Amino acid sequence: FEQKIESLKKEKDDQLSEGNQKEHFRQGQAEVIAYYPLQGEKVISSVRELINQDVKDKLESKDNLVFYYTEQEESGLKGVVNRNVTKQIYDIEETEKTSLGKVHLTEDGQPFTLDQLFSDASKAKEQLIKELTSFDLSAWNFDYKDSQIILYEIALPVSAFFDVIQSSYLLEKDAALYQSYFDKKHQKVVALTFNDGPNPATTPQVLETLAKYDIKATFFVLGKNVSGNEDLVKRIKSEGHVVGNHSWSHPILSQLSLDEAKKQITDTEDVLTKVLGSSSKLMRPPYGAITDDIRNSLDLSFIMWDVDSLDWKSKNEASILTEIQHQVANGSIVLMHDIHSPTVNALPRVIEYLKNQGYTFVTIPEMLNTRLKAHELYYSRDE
């Protein structure tokens, strides 16, 4: 027997002596041998700590011989390596656990934690919990592989967090994915959108101006305004613009019962399909007021905005232009109302400014294209 124990100890030294320092002790009835890894000539402190924690809490006082040791592996992130910890218990019966635990490390042996992966730890945790539920941050157990963050498991595409990722930690494949994401994010597109029409006294001039400047827009029209304006609605579509649904009569939809709010929307789908032959399946709630139940009841995408021109409030062409100059960003969806003269009058200067800054004007379907799904809310190209 004694010779058998000696052979186990000799085998482990033959396997593990190099690059490790060997600790030996008894705890209770257990004999323990731990191989702590060196980085250069120094014990990796956070690995020694993880082993010692297991010794305190989980090591049972049985007549056994217990070994701990580690192996270095790649982490899947640039400049980060992992130590996997194996625990083996001999009673000759034996049982081992590989990756009993794992620590992530800089190449020089210092702790790397999940929060360091992100430029914004607070937002990332928020994004992680969100994607997590759909399926301290530093203390989160994780792995990284095949372009996914693995939570302890739960595997989440890394692409979902590119908004808050520290991209310098990405290896080649992920860095090319991030580059593509960044280039798309910096594509200079804007969607002009107009609520509350058609209005026979102003919409025709808006159409003439959009045609002059060789751009398209998206018009969220009221069902009640379609009667008597059918040829105007057809003209909006004939000139290449997109027509969406702005309810029948402009109530606060979230303050109606579910079926009355749904019917405000489907009555408007009905009249638009009758006049145009088709629906874009885009719906913008009056006042931005909507509920989850209404959204989940209808096969439509709900289009909000991120830039309010304030045309409705300022009623002033110079103010409208200033708001556009200061607020418009890549991917913005701009709210205007094609029902009063300040907006009509301001439009040429707004378009000239944005084209002079290098923007492309897009329709909502052009902007959202792949992203558009039933029930969902959209505030901009990306949000």
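Heads up: residue numbers just count along the shown sequence, starting at 1.
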Completion exercise
Going from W140 to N141, the deposited residues skipped in the model number none
Practice task
Report, from the record, the number of residues in the deposited sequence between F182 and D183 that have no coordinates, as none, 1 to 3, 4 to 9, or 10 or more.
Solution key: none
Completion exercise
Entry B factor averaged over C-alpha atoms, 346-354 against 47-55: higher for 47-55
Exercise for the section: Using the B-factors recorded in the PDB entry, average over the C-alpha atoms of 93-101 and of 281-289, then report which stretch comes out higher. Expected result: 93-101
Completion exercise
Highest CA B factor of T370, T363, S17, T360, as deposited, is found at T370
Problem - Candidate set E126, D259, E230, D267 [ranked by C-alpha B-factor, highest] - result: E126
Handout entry: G40, C-alpha B-factor rank within chain (lowest, middle or highest third)
Key = highest
Handout entry: Chain-relative CA temperature factor third for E31
Key = middle
Problem - CA B-factor ranking of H326, expressed as a third of its chain - result: lowest
Exercise for the section: Could you tell me which third, lowest, middle or highest, the C-alpha B-factor of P204 occupies within its chain? Expected result: lowest
Completion exercise
Binned into thirds over the chain's modelled residues, the C-alpha B-factor of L298 lands in the middle
